[PDB]
Amino acid sequence: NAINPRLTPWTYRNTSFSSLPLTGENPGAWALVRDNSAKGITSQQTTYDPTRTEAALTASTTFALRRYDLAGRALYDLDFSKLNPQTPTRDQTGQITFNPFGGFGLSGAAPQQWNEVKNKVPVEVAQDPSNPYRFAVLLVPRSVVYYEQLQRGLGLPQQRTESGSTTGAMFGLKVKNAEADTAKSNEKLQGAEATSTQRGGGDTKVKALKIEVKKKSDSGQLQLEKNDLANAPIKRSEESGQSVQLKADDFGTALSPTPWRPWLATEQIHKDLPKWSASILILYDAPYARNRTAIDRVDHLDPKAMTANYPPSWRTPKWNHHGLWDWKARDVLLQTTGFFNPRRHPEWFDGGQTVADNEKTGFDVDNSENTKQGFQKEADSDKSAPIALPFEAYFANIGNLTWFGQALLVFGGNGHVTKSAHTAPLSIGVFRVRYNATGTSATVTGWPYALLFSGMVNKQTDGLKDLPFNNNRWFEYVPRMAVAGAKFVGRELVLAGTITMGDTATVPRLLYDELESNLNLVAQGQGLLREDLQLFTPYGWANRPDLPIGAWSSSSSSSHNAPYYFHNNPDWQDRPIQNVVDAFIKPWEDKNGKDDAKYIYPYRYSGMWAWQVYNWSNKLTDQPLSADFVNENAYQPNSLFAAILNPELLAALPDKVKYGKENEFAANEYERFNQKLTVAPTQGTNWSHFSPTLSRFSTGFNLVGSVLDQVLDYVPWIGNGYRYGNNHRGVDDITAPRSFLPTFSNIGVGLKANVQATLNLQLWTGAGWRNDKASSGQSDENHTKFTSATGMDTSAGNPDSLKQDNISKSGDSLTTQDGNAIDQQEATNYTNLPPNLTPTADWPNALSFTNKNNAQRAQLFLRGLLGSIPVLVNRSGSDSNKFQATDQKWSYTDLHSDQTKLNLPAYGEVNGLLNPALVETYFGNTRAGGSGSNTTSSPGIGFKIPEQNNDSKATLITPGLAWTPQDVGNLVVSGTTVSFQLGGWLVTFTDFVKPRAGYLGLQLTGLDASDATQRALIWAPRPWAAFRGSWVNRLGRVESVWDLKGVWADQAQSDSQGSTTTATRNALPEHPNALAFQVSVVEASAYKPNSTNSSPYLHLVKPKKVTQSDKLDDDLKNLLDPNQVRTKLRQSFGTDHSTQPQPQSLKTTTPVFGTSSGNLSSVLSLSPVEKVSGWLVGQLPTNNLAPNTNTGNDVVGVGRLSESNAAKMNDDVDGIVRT
């Protein structure tokens, strides 16, 4: 019985592996086969014990391999549970005894510990490049193949409010402003140093805030005689008696709500390796021999082999290289502490959510004496939770075998094997199995990606510069990947997929008494809102996010402690002229690293998103390991990625990584006050040998950031097929002095700025300009006057009652003025400010006024390919709350006379885009209100500026698509290009191996939402379960396969027909893109103008405190479940012409891309940004779905599937046999 017919093909979800073609000396193929009719493991959910589950799965399932020939016939099967193999014999030279007629010499014994590994199932086969008869098969436990049937979800913290107690917070969020403790009122830092109410003034003197940390030479030693960094005059509030605090029992107690925990710890897997681990076995195969089957050995991929090479700083991930001051600063603000806190990242802790709080850090943080807090503890009852590799993360790291010499590499998979709705298990590193020359012994090791990627610089890429990829010597950046594959394009090892960057969304910190007005950012900081994008709520930020608590309150019992700690306002910043830097910085800047005292200068620092990112993220520089601030890590993969690796070093690295003392957090608080960002590696360590592994990397196009924003506007939304640029007719539109404003570009929007205002050019302002008017009143100026931008008419222009200053030119006397421009001339502030600080601000000549930045452009590119950019809405679109078509205007003729007709919120939405433009792309009200057909079929959702006495109670929502950033296909090669499937888009890195300068660098092909079957695939509740792999044809075109039968099975059963649990129970629905968003409350008086400036966006938009009445409505709280939005949108798409047969599988193929496709040299020979935008609009072509007419086609490489290049099938497919 060679061919078991009860078995049928299948595909392993984690790697898209279905089969392996073979050619040359051993032609044919290998394919996975199983009993596809079994149940697996079997709303009244119950607990499954692991042992009994694995027992029943062994007793009720069957897995094998199937061998084919060059003609496509099945030769035999290999059921490891029923096989009885024999280890093969060798000669004196250790070569496997083989002859093309007799087969292999069988010694008459089984492999070692074979009778305990035989029940594990094969999921991956890779052929040896040095021996076409030697294969490496990967085995996993049976319970891992059916883990998706257990459905163990992540929980929310239990709440006492629902809001739809008080404060209006939803989904369990704890938010409560902090108050000062009158008991510790002495612990405020005094501005001491010297050598004017608007500075340290102790009267009218310029004073810097002095921080001093000193030790006793008397008798964790030195006794820390004084620690200014332990001061805490501001403390967390008390609420119903007991203080508010982030506790791990918020999720329930381990045992109606129960916290999420890993199925098996790292320890249990290490202790039952034969049952619970994953194994590699070597296989010898000759299909035309007498003795054809011989199993050489079996090797285990022990998780501890990886966790033993983790950096030492990963043992206590609740700490960082900022010590105690940052711990208390983040704890008071209701945030998580450390770099990898378990409350944000529970998939890598054996405790799950039973440790998801801020306590037990491995250091003393609540001692009675301020001089004993911050000392690393050796007591073991107070040990922390270390970053580990439990069940789900461990099996997320298993896949993608690759040979090179004697080295067998395991790069990981995308994580769909153990992924849940609101979890994100990922690959943390690489496993290696290295064999000796004879193949008679093997060693197993693993290294984290953090270590292998530790030598990245800026000149190693060709796209965006300054991405948050840097790291430091503590390895606080933990790059995790969703791997597509590792392939050899000639001699180059290419690695590709998506990756987590460092966290930039919560870099800015709010003021301590502004939390209850900025609930969204507080949720992002508590780990409750699993959202990596930057949100636009800049009013309540502090001016800079790196100050200890001692600098927060006041010395005069006033408001916030300006000039040190006040409301962020880039209009109130100083200017970096010589006599100002000499007055405010130079008396002190030469004493910081001196006598153990650092100083905060009375210098006004302020800036928008780009300024915060450029100063407190981990952006890339030209020096490696030079990151001074790693804020946190991302929840999900938020960037496209591709890397080239030196394969010779990967097989030559050490087996065990030796870290030094330069890789640990300091033991006492005096030791880290005298720190250095760089320390040379110590003798007897090799952790610096892993750096040269990366030679080049890519994140997509080869474009400069501002040029990427026209490509992004030319890319359609995969939801309906309308481009994000809204057909905006480039620079020739009416929007300057069927078509709408664009989402990502400024070219043609607003006024034509030729600026010299602050520290020529021919750029634009965009939407939300605040130009002052000129003399007559009709002519417009190129700037905003400081006298207009700062006005007290609490006031959003001057909430902290700042005043002007000036410095008389000798370096001397300060202390007041209106700033006469004669002898005092040099005023501390600016005079002409840029005429924009909205989310669309982009000034190449003023960093403090820019909002768009590369770290956000990469995320917007990825989430725009996934079709899941959150939008801000305050109209539910339902009866009596519809967003009418006349509610929005775009013609600059009307906008110049009134700017609130654009409905730009300028508070609460995503940074970097035009929110009305995204509303127009998603829901299409402007293109709906231009015809009688479909009677405004738009669902009527959107945002409209509030009127006389209405407040805006808005929330962020997702359009409803279910593509995640872990939907990564397998990596295929075709010529000198690499390509893989990413959600619904087939990407192709065309200019990464051999960069052809003057080309875009990428090609995109997506699913066409104007075709019925592809549209059903796009809007499927689980569209990545239908992916069956990609492979290259004979002509050089990449083709993908989809199995649509589950899509039809789900379309046949409606579950969310009338679901209202979102608004009634405040639980997160089981949708992959459900996010615990909050409400943003803005009063109508915020959009009124002030007096030479009539712009509603002159100041920042001040929000309103959130109370138990400021909560959402029910009809709007309903849209927090993406299935309701999905229903409304597909109902707008309403039509019923089902195919019959409703094909069971569909096959897509890339079109033919010419030698002139994606070329920029034809237009790069006006600024290059405007040139590329104009070329795109020249190459650019009333309905709910944009028909794919193929005008947006092979001249750029950005195009969708034609009907002819997407072949449907009649019968479904689980596995694909390729010979």
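Read on for a plain summary of the structure. (Residues numbered from 1 in each chain as written, not as in the entry; some residues may be left out. Heavy atoms only, no water.)

1. Some remarks on the overall build of the chain
- Scanning the chain from terminus to terminus reveals 26 helices and 43 strands.
- Its C-alpha atoms give the chain a radius of gyration of 31 Å, within 12% of the compact-globule value 33 Å for 1219 residues.
- C-alpha atoms of the chain, sized along the principal axes, occupy 100 × 85 × 60 Å.
- Relative to its full complement of 1219 residues, the chain shows a buried share of 64%.
- In the form shown here, the chain has an accessible surface area of approximately 44,900 Å², with 46% of it arising from carbon and sulfur atoms.
- Here the chain carries 115 positive and 117 negative side-chain charges, and the mean point of each set is 4 Å from the other. (Helix = DSSP H or I, 4+ residues; strand = E, 2+ residues; numbered from the N terminus. Rg over C-alpha atoms; globule rule 2.2 N^0.38 Å. Buried < 20%, exposed > 50% of the residue type's maximum accessible area, 1.4 Å probe, protein only. Areas by Shrake-Rupley, 256 points an atom, 1.4 Å probe, with all protein chains shown as cover. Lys, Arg positive; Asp, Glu negative; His and termini not counted. Charge placed at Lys NZ, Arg CZ, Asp CG, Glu CD.)

2. Overview of helix α17 (residues 854-866)
- For α17, built from 13 residues, the straight-helix expectation of 18 Å at 1.5 Å per residue is met to within 8% by its first-to-last C-alpha distance of 18 Å.
- Of all 13 residues making up α17, 13 are buried, and the element is well covered by its neighbours.
- Among the residues trailing α17, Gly867 stands out with phi positive, at a value near 75°. (Expected span 1.5 Å × (residues − 1).)

3. Digging into the environment of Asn1193
- The residue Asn1193 is located in the loop between α26 (1168-1178) and β42 (1198-1200) in this model.
- We classify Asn1193 as partly exposed; its relative accessible area is 23%.
- In this structure the C-alpha to C-alpha distance between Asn1193 and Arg1218, which are 25 residues apart in sequence, comes to 31 Å.
- In this view, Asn1193 contacts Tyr714 and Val1198; residues no more than four positions away in its chain are not counted. (Contact = heavy atoms within 4.5 Å.)

4. As for the nonpolar core
- Core analysis: the largest hydrophobic core is formed by 288 residues, its most contacted members being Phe411, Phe453, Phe469, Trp552 and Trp1042.
- Counting the residues that make up this core, at least three belong to each of domain 1 (1-151 + 261-300) and domain 2 (972-1053 + 1138-1209).
- Not counting chain neighbours up to four residues away, the residues in contact with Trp552 comprise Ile234, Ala329, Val332, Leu333, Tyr512, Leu547, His560, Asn561 and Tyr565. (Core = buried A, V, L, I, M, F, W, Y, C linked by side-chain atoms within 4.5 Å. Domains from an automatic or database assignment.)

5. Some words on unusual backbone geometry
- With omega at 5°, the peptide bond leading from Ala562 into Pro563 counts as cis.
- By secondary structure assignment, the location of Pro563 is in the loop between α10 (519-525) and α11 (578-584).
- Unusually for a residue other than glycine, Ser240 sits at a positive phi of about 55°.

6. Observations regarding the pattern of salt bridges
- Scanning the model with the defined rule gives 47 salt bridges in all.
- The residue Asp331 makes a salt bridge to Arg236 at a minimum N-O spacing of 2.9 Å. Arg236 matches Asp331 in its accessibility class, with the two residues each being buried.
- Of the charged contacts, one joins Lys586 and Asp582 as a salt bridge, the two residues approaching to 3.5 Å between their closest N and O atoms.
- If you follow the salt bridges from partner to partner, you end up with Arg1028, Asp1043, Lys1045, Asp1212 and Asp1214 in one network. (Salt bridge = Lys/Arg side-chain N within 4 Å of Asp/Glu carboxyl O.)

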